[PDB]
>>> print(open('protein.cif').read())   # mmCIF, C-alpha atoms
data_run
loop_
_atom_site.group_PDB
_atom_site.id
_atom_site.type_symbol
_atom_site.label_atom_id
_atom_site.label_comp_id
_atom_site.auth_asym_id
_atom_site.auth_seq_id
_atom_site.Cartn_x
_atom_site.Cartn_y
_atom_site.Cartn_z
ATOM 1 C CA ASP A 3 6.487 15.489 22.539
ATOM 2 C CA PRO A 4 4.446 18.218 20.747
ATOM 3 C CA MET A 5 5.510 16.488 17.402
ATOM 4 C CA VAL A 6 4.202 13.017 18.527
ATOM 5 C CA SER A 7 1.044 14.919 19.645
ATOM 6 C CA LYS A 8 0.364 16.441 16.158
ATOM 7 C CA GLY A 9 0.190 12.855 14.705
ATOM 8 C CA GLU A 10 -1.790 11.463 17.576
ATOM 9 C CA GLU A 11 -4.354 14.183 17.184
ATOM 10 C CA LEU A 12 -4.960 13.249 13.411
ATOM 11 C CA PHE A 13 -5.313 9.493 13.689
ATOM 12 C CA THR A 14 -6.916 8.912 17.140
ATOM 13 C CA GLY A 15 -10.340 7.637 16.114
ATOM 14 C CA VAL A 16 -11.760 6.263 12.889
ATOM 15 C CA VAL A 17 -10.647 8.220 9.829
ATOM 16 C CA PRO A 18 -12.491 7.993 6.474
ATOM 17 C CA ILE A 19 -10.332 7.000 3.484
ATOM 18 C CA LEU A 20 -10.620 7.564 -0.283
ATOM 19 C CA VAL A 21 -8.324 5.890 -2.828
ATOM 20 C CA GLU A 22 -8.096 6.649 -6.539
ATOM 21 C CA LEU A 23 -6.018 4.830 -9.071
ATOM 22 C CA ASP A 24 -5.267 5.494 -12.703
ATOM 23 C CA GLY A 25 -3.572 2.461 -14.357
ATOM 24 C CA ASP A 26 -2.088 1.461 -17.725
ATOM 25 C CA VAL A 27 -0.522 -1.972 -17.949
ATOM 26 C CA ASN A 28 0.854 -2.937 -21.437
ATOM 27 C CA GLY A 29 -1.686 -0.324 -22.742
ATOM 28 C CA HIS A 30 -4.556 -1.935 -20.897
ATOM 29 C CA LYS A 31 -6.121 1.168 -19.267
ATOM 30 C CA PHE A 32 -8.205 1.117 -16.147
ATOM 31 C CA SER A 33 -9.424 3.128 -13.120
ATOM 32 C CA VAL A 34 -10.175 2.091 -9.574
ATOM 33 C CA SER A 35 -11.928 3.964 -6.751
ATOM 34 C CA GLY A 36 -11.830 2.876 -3.116
ATOM 35 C CA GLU A 37 -13.539 3.984 0.079
ATOM 36 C CA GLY A 38 -13.365 2.816 3.645
ATOM 37 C CA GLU A 39 -11.851 3.787 6.974
ATOM 38 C CA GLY A 40 -8.716 3.355 9.058
ATOM 39 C CA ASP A 41 -8.301 3.023 12.867
ATOM 40 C CA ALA A 42 -4.542 3.328 13.499
ATOM 41 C CA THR A 43 -5.127 2.728 17.228
ATOM 42 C CA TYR A 44 -5.796 -0.952 16.209
ATOM 43 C CA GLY A 45 -3.563 -0.805 13.068
ATOM 44 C CA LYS A 46 -6.864 -1.512 11.235
ATOM 45 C CA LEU A 47 -7.915 -0.719 7.580
ATOM 46 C CA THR A 48 -11.261 -1.688 5.909
ATOM 47 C CA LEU A 49 -11.548 -0.791 2.221
ATOM 48 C CA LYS A 50 -13.605 -1.610 -0.838
ATOM 49 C CA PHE A 51 -12.213 -1.020 -4.353
ATOM 50 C CA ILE A 52 -14.240 -0.881 -7.554
ATOM 51 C CA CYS A 53 -12.910 -0.960 -11.113
ATOM 52 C CA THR A 54 -15.046 1.827 -12.568
ATOM 53 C CA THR A 55 -13.887 1.189 -16.154
ATOM 54 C CA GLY A 56 -15.143 -2.451 -16.315
ATOM 55 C CA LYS A 57 -12.970 -5.542 -16.004
ATOM 56 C CA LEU A 58 -9.738 -5.080 -14.103
ATOM 57 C CA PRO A 59 -7.060 -6.362 -16.553
ATOM 58 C CA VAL A 60 -4.722 -7.554 -13.806
ATOM 59 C CA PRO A 61 -5.424 -9.739 -10.707
ATOM 60 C CA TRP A 62 -6.756 -7.757 -7.695
ATOM 61 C CA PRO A 63 -4.058 -9.312 -5.336
ATOM 62 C CA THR A 64 -1.339 -7.625 -7.475
ATOM 63 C CA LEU A 65 -2.699 -4.178 -6.464
ATOM 64 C CA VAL A 66 -3.067 -4.713 -2.722
ATOM 65 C CA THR A 67 0.322 -3.217 -1.769
ATOM 66 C CA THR A 68 -0.351 -0.213 -4.062
ATOM 67 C CA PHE A 69 -3.815 0.496 -2.579
ATOM 68 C CA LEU A 71 -1.706 3.506 3.709
ATOM 69 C CA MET A 72 1.193 3.013 6.124
ATOM 70 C CA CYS A 73 0.110 6.032 8.172
ATOM 71 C CA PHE A 74 -2.546 3.610 9.600
ATOM 72 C CA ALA A 75 0.141 1.267 11.136
ATOM 73 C CA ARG A 76 -0.204 0.725 14.902
ATOM 74 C CA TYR A 77 3.062 1.994 16.336
ATOM 75 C CA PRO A 78 3.539 0.653 19.891
ATOM 76 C CA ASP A 79 3.998 3.440 22.473
ATOM 77 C CA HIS A 80 7.764 2.722 22.873
ATOM 78 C CA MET A 81 8.063 3.219 19.081
ATOM 79 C CA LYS A 82 6.134 6.502 18.453
ATOM 80 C CA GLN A 83 9.418 8.439 17.779
ATOM 81 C CA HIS A 84 9.886 6.228 14.626
ATOM 82 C CA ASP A 85 6.549 6.797 12.918
ATOM 83 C CA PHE A 86 7.538 8.762 9.809
ATOM 84 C CA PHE A 87 4.181 8.321 8.124
ATOM 85 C CA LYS A 88 2.054 10.170 10.659
ATOM 86 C CA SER A 89 4.773 12.746 11.279
ATOM 87 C CA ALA A 90 4.392 13.912 7.569
ATOM 88 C CA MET A 91 0.601 14.603 8.034
ATOM 89 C CA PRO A 92 -1.548 16.492 7.329
ATOM 90 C CA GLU A 93 0.535 17.710 4.291
ATOM 91 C CA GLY A 94 1.300 14.071 3.518
ATOM 92 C CA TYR A 95 3.962 12.189 1.720
ATOM 93 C CA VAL A 96 4.769 10.702 -1.700
ATOM 94 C CA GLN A 97 5.097 6.934 -1.954
ATOM 95 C CA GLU A 98 6.887 5.614 -5.062
ATOM 96 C CA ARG A 99 7.462 1.977 -5.986
ATOM 97 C CA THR A 100 8.896 -0.274 -8.626
ATOM 98 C CA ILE A 101 7.434 -3.777 -8.329
ATOM 99 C CA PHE A 102 9.283 -6.467 -10.258
ATOM 100 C CA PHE A 103 7.189 -9.554 -11.050
ATOM 101 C CA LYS A 104 9.670 -12.413 -11.421
ATOM 102 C CA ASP A 105 9.828 -13.651 -15.070
ATOM 103 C CA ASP A 106 7.214 -11.133 -16.050
ATOM 104 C CA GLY A 107 6.564 -7.352 -16.139
ATOM 105 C CA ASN A 108 6.943 -4.511 -13.663
ATOM 106 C CA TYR A 109 4.679 -1.851 -12.064
ATOM 107 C CA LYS A 110 5.960 1.657 -11.413
ATOM 108 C CA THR A 111 3.697 3.609 -9.046
ATOM 109 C CA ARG A 112 3.533 7.106 -7.707
ATOM 110 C CA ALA A 113 1.082 8.008 -4.892
ATOM 111 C CA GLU A 114 0.351 11.029 -2.801
ATOM 112 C CA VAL A 115 -1.008 10.345 0.562
ATOM 113 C CA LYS A 116 -2.497 13.305 2.396
ATOM 114 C CA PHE A 117 -5.510 14.741 4.187
ATOM 115 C CA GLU A 118 -8.261 16.434 2.163
ATOM 116 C CA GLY A 119 -10.113 17.977 5.130
ATOM 117 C CA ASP A 120 -11.094 15.101 7.485
ATOM 118 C CA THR A 121 -10.516 12.460 4.731
ATOM 119 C CA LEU A 122 -7.276 10.612 4.229
ATOM 120 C CA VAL A 123 -6.656 10.372 0.467
ATOM 121 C CA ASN A 124 -4.396 8.010 -1.539
ATOM 122 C CA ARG A 125 -4.056 9.253 -5.188
ATOM 123 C CA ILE A 126 -2.132 6.848 -7.354
ATOM 124 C CA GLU A 127 -0.786 6.518 -10.970
ATOM 125 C CA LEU A 128 0.453 3.032 -11.972
ATOM 126 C CA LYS A 129 2.231 2.081 -15.214
ATOM 127 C CA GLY A 130 2.981 -1.570 -15.988
ATOM 128 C CA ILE A 131 5.306 -2.570 -18.811
ATOM 129 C CA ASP A 132 6.867 -5.773 -20.270
ATOM 130 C CA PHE A 133 4.189 -8.092 -19.124
ATOM 131 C CA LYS A 134 3.418 -11.371 -20.888
ATOM 132 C CA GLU A 135 0.033 -11.732 -22.553
ATOM 133 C CA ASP A 136 -0.472 -15.211 -21.264
ATOM 134 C CA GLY A 137 1.471 -14.778 -18.068
ATOM 135 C CA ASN A 138 0.378 -15.006 -14.464
ATOM 136 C CA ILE A 139 -0.709 -11.363 -14.342
ATOM 137 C CA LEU A 140 -2.263 -10.535 -17.803
ATOM 138 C CA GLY A 141 -3.502 -14.216 -17.976
ATOM 139 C CA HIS A 142 -5.174 -13.917 -14.497
ATOM 140 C CA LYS A 143 -3.583 -17.034 -13.020
ATOM 141 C CA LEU A 144 -3.218 -15.723 -9.431
ATOM 142 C CA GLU A 145 -5.474 -16.973 -6.569
ATOM 143 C CA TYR A 146 -7.744 -14.499 -4.771
ATOM 144 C CA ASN A 147 -5.896 -14.674 -1.438
ATOM 145 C CA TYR A 148 -2.958 -13.091 0.345
ATOM 146 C CA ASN A 149 -0.049 -14.062 2.600
ATOM 147 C CA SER A 150 1.329 -12.291 5.721
ATOM 148 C CA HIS A 151 4.530 -10.363 5.255
ATOM 149 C CA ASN A 152 7.055 -8.173 7.211
ATOM 150 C CA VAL A 153 8.132 -4.924 5.499
ATOM 151 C CA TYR A 154 11.555 -3.448 6.560
ATOM 152 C CA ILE A 155 11.674 0.346 6.853
ATOM 153 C CA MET A 156 14.949 2.238 6.827
ATOM 154 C CA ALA A 157 15.845 5.978 6.888
ATOM 155 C CA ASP A 158 16.844 7.672 3.642
ATOM 156 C CA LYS A 159 18.470 10.682 5.450
ATOM 157 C CA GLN A 160 19.853 12.287 2.204
ATOM 158 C CA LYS A 161 16.264 12.507 0.951
ATOM 159 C CA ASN A 162 14.671 13.372 4.296
ATOM 160 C CA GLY A 163 12.488 10.230 3.920
ATOM 161 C CA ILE A 164 12.424 6.457 4.112
ATOM 162 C CA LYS A 165 13.188 3.449 1.835
ATOM 163 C CA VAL A 166 11.338 0.142 2.124
ATOM 164 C CA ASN A 167 12.312 -3.104 0.435
ATOM 165 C CA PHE A 168 10.236 -6.362 0.511
ATOM 166 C CA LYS A 169 9.054 -9.462 -1.359
ATOM 167 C CA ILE A 170 5.461 -10.513 -1.804
ATOM 168 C CA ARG A 171 4.697 -14.144 -2.933
ATOM 169 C CA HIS A 172 1.320 -14.375 -4.708
ATOM 170 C CA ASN A 173 -0.135 -17.949 -4.864
ATOM 171 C CA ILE A 174 -0.627 -19.141 -8.497
ATOM 172 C CA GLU A 175 -3.584 -21.492 -9.384
ATOM 173 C CA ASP A 176 -1.198 -24.425 -10.154
ATOM 174 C CA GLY A 177 0.126 -24.280 -6.557
ATOM 175 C CA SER A 178 3.376 -22.451 -7.353
ATOM 176 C CA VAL A 179 4.143 -18.753 -6.379
ATOM 177 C CA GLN A 180 4.677 -15.540 -8.376
ATOM 178 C CA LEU A 181 7.309 -13.364 -6.677
ATOM 179 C CA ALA A 182 6.787 -9.625 -6.624
ATOM 180 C CA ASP A 183 9.929 -7.807 -5.396
ATOM 181 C CA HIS A 184 8.956 -4.339 -4.152
ATOM 182 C CA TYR A 185 11.268 -1.333 -3.987
ATOM 183 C CA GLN A 186 9.837 1.725 -2.227
ATOM 184 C CA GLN A 187 10.826 5.328 -1.349
ATOM 185 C CA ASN A 188 8.654 7.892 0.628
ATOM 186 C CA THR A 189 9.375 11.591 0.938
ATOM 187 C CA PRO A 190 7.281 14.236 2.768
ATOM 188 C CA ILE A 191 5.257 16.647 0.631
ATOM 189 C CA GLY A 192 5.702 19.547 3.221
ATOM 190 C CA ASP A 193 8.824 21.529 4.170
ATOM 191 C CA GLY A 194 8.465 20.844 7.875
ATOM 192 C CA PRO A 195 10.376 18.445 10.139
ATOM 193 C CA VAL A 196 9.571 14.707 10.117
ATOM 194 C CA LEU A 197 10.374 11.686 12.286
ATOM 195 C CA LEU A 198 13.108 9.600 10.517
ATOM 196 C CA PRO A 199 13.018 6.125 11.923
ATOM 197 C CA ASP A 200 15.566 3.619 13.197
ATOM 198 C CA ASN A 201 15.424 0.334 11.176
ATOM 199 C CA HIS A 202 12.247 -1.479 12.086
ATOM 200 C CA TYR A 203 9.531 -3.388 10.298
ATOM 201 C CA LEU A 204 5.774 -3.331 9.766
ATOM 202 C CA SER A 205 3.854 -6.626 10.073
ATOM 203 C CA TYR A 206 1.038 -7.020 7.563
ATOM 204 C CA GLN A 207 -1.953 -9.338 7.512
ATOM 205 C CA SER A 208 -4.385 -8.948 4.586
ATOM 206 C CA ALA A 209 -7.728 -10.662 3.934
ATOM 207 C CA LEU A 210 -9.420 -10.381 0.521
ATOM 208 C CA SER A 211 -13.132 -10.890 0.092
ATOM 209 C CA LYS A 212 -16.126 -10.038 -2.178
ATOM 210 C CA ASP A 213 -19.250 -7.948 -1.526
ATOM 211 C CA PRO A 214 -22.173 -10.309 -2.145
ATOM 212 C CA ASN A 215 -24.372 -7.458 -3.415
ATOM 213 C CA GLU A 216 -21.756 -6.019 -5.712
ATOM 214 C CA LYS A 217 -22.028 -6.724 -9.462
ATOM 215 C CA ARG A 218 -19.033 -4.588 -10.502
ATOM 216 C CA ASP A 219 -15.455 -5.989 -10.563
ATOM 217 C CA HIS A 220 -14.146 -5.231 -7.073
ATOM 218 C CA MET A 221 -12.156 -6.197 -4.020
ATOM 219 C CA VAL A 222 -12.854 -5.898 -0.316
ATOM 220 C CA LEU A 223 -9.609 -5.633 1.670
ATOM 221 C CA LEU A 224 -9.156 -5.904 5.454
ATOM 222 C CA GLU A 225 -5.574 -5.192 6.652
ATOM 223 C CA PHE A 226 -3.918 -5.191 10.077
ATOM 224 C CA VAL A 227 -0.539 -3.516 10.402
ATOM 225 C CA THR A 228 1.740 -3.262 13.449
ATOM 226 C CA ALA A 229 5.224 -1.743 13.794
ATOM 227 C CA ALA A 230 7.847 -3.883 15.509
ATOM 228 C CA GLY A 231 11.561 -4.736 15.671
ATOM 229 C CA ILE A 232 12.767 -2.008 18.060
ATOM 230 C CA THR A 233 12.430 -3.701 21.442
#
>>> encode(input="protein.cif", output="structure tokens")
Amino acid sequence: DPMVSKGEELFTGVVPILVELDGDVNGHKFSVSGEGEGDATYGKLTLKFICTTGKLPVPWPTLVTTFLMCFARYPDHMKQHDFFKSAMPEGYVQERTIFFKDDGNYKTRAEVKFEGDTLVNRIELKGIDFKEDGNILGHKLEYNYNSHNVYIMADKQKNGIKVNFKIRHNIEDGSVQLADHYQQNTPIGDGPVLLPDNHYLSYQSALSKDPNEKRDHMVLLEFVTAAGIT
């Protein structure tokens, strides 16, 4: 399939990644830069994020979903359903609203695209209606992360996809903070794209710290595999 080929030829080996985020949550401004690499053959992402404005005013785990679905490992029998690669190199827009139960919400807009050989994720995030002393602004979430399936469906009227899913962040007291994600992606280019059957992506995420890093940061290792179309 010369269309499946175009995608294969962009993601075959290790691809450098750059992420940039501009954020304002309840008027708490901040910026984050990330760098690392993806290897979609293994569904593998390795990234390190640095708050370049000082202290991040929200918990790092709350940003993980915001900070690259084009690096999902699609099994061979499922290559016809990989929208994300099919949009490259021109890329796609990823928009979310993330509703934190009993607290505020994030609204994000990202553009994911190649800049030469580098895969770039440029994001703007606005958070509103958060509580001062809540789980997010009061930093009460543990520095860890649970595994999660993400259900992708076609959005054929918009030539894109919609993705709906819940993340549960562990709170320090042992309870959980629900974060209900709503997502839409649309290609940036005018060309054809693969629009998938219903299927899901399986995520595993591991959060760690760079021992030699003094700035406020997060090291993220993710594995992502498409499934659910036998």
>>> resolve_selection(input="protein.cif", expression="the PyMOL selection byres ((chain A and resi 154-171) around 8)", output="PDB file with C-alpha atoms, in the frame of the given file")
ATOM      1  CA  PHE A  86       7.538   8.762   9.809  1.00  0.00           C
ATOM      2  CA  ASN A 149      -0.049 -14.062   2.600  1.00  0.00           C
ATOM      3  CA  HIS A 151       4.530 -10.363   5.255  1.00  0.00           C
ATOM      4  CA  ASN A 152       7.055  -8.173   7.211  1.00  0.00           C
ATOM      5  CA  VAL A 153       8.132  -4.924   5.499  1.00  0.00           C
ATOM      6  CA  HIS A 172       1.320 -14.375  -4.708  1.00  0.00           C
ATOM      7  CA  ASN A 173      -0.135 -17.949  -4.864  1.00  0.00           C
ATOM      8  CA  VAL A 179       4.143 -18.753  -6.379  1.00  0.00           C
ATOM      9  CA  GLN A 180       4.677 -15.540  -8.376  1.00  0.00           C
ATOM     10  CA  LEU A 181       7.309 -13.364  -6.677  1.00  0.00           C
ATOM     11  CA  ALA A 182       6.787  -9.625  -6.624  1.00  0.00           C
ATOM     12  CA  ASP A 183       9.929  -7.807  -5.396  1.00  0.00           C
ATOM     13  CA  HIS A 184       8.956  -4.339  -4.152  1.00  0.00           C
ATOM     14  CA  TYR A 185      11.268  -1.333  -3.987  1.00  0.00           C
ATOM     15  CA  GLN A 186       9.837   1.725  -2.227  1.00  0.00           C
ATOM     16  CA  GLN A 187      10.826   5.328  -1.349  1.00  0.00           C
ATOM     17  CA  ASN A 188       8.654   7.892   0.628  1.00  0.00           C
ATOM     18  CA  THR A 189       9.375  11.591   0.938  1.00  0.00           C
ATOM     19  CA  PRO A 190       7.281  14.236   2.768  1.00  0.00           C
ATOM     20  CA  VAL A 196       9.571  14.707  10.117  1.00  0.00           C
ATOM     21  CA  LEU A 198      13.108   9.600  10.517  1.00  0.00           C
ATOM     22  CA  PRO A 199      13.018   6.125  11.923  1.00  0.00           C
ATOM     23  CA  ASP A 200      15.566   3.619  13.197  1.00  0.00           C
ATOM     24  CA  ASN A 201      15.424   0.334  11.176  1.00  0.00           C
ATOM     25  CA  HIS A 202      12.247  -1.479  12.086  1.00  0.00           C
ATOM     26  CA  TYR A 203       9.531  -3.388  10.298  1.00  0.00           C
ATOM     27  CA  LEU A 204       5.774  -3.331   9.766  1.00  0.00           C
TER      28      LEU A 204
END
>>> resolve_selection(input="protein.cif", expression="the PyMOL selection byres ((chain A and resi 115-118) around 9)", output="ChimeraX atom specification")
/A:71,73,90-97,113-114,119-126,191
>>> residues_around(input="protein.cif", residues="residue 129 of chain A", least_positions_apart="6", cutoff="6 Å", atoms="only C-alpha atoms", output="compact mmCIF listing (two decimals) with C-alpha atoms, in the coordinates of the input")
# COMPACT_ATOMS: atom_id res chain seq x y z
CA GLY A 25 -3.57 2.46 -14.36
CA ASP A 26 -2.09 1.46 -17.73
CA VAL A 27 -0.52 -1.97 -17.95
CA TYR A 109 4.68 -1.85 -12.06
CA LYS A 110 5.96 1.66 -11.41
>>> atom_distance(input="protein.cif", atom1="atom CA of residue 219 of chain A", atom2="atom CA of residue 37 of chain A")
14.7 Å
>>> residues_around(input="protein.cif", residues="residue 197 of chain A", least_positions_apart="4", cutoff="9 Å", atoms="all atoms listed in the file", output="MDAnalysis selection string")
chainID A and resid 5:6 83:90 163
>>> residues_around(input="protein.cif", residues="residue 211 of chain A", least_positions_apart="4", cutoff="7 Å", atoms="all atoms listed in the file", output="PyMOL selection string")
chain A and resi 221-223
>>> write_last_selection(input="protein.cif", atoms="C-alpha atoms", output="mmCIF file, in the coordinates of the input")
data_model
loop_
_atom_site.group_PDB
_atom_site.id
_atom_site.type_symbol
_atom_site.label_atom_id
_atom_site.label_comp_id
_atom_site.auth_asym_id
_atom_site.auth_seq_id
_atom_site.Cartn_x
_atom_site.Cartn_y
_atom_site.Cartn_z
ATOM 1 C CA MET A 221 -12.156 -6.197 -4.020
ATOM 2 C CA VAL A 222 -12.854 -5.898 -0.316
ATOM 3 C CA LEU A 223 -9.609 -5.633 1.670
#
>>> closest_residue(input="protein.cif", among="A:69, A:133, A:146, A:77", to="residue 50 of chain A", atoms="all atoms listed in the file")
A:69
>>> atom_distance(input="protein.cif", atom1="atom CA of residue 64 of chain A", atom2="atom CA of residue 18 of chain A")
23.7 Å
>>> closest_residue(input="protein.cif", among="A:135, A:225, A:193, A:213", to="residue 30 of chain A", atoms="only C-alpha atoms")
A:135
>>> atom_distance(input="protein.cif", atom1="atom CA of residue 210 of chain A", atom2="atom CA of residue 29 of chain A")
26.5 Å
>>> residues_near_point(input="protein.cif", point="(-10.6, 8.5, 17.3)", cutoff="10 Å", atoms="only C-alpha atoms", output="PDB file with C-alpha atoms, in the frame of the given file")
ATOM      1  CA  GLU A  10      -1.790  11.463  17.576  1.00  0.00           C
ATOM      2  CA  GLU A  11      -4.354  14.183  17.184  1.00  0.00           C
ATOM      3  CA  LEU A  12      -4.960  13.249  13.411  1.00  0.00           C
ATOM      4  CA  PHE A  13      -5.313   9.493  13.689  1.00  0.00           C
ATOM      5  CA  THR A  14      -6.916   8.912  17.140  1.00  0.00           C
ATOM      6  CA  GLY A  15     -10.340   7.637  16.114  1.00  0.00           C
ATOM      7  CA  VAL A  16     -11.760   6.263  12.889  1.00  0.00           C
ATOM      8  CA  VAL A  17     -10.647   8.220   9.829  1.00  0.00           C
ATOM      9  CA  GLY A  40      -8.716   3.355   9.058  1.00  0.00           C
ATOM     10  CA  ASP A  41      -8.301   3.023  12.867  1.00  0.00           C
ATOM     11  CA  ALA A  42      -4.542   3.328  13.499  1.00  0.00           C
ATOM     12  CA  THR A  43      -5.127   2.728  17.228  1.00  0.00           C
TER      13      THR A  43
END
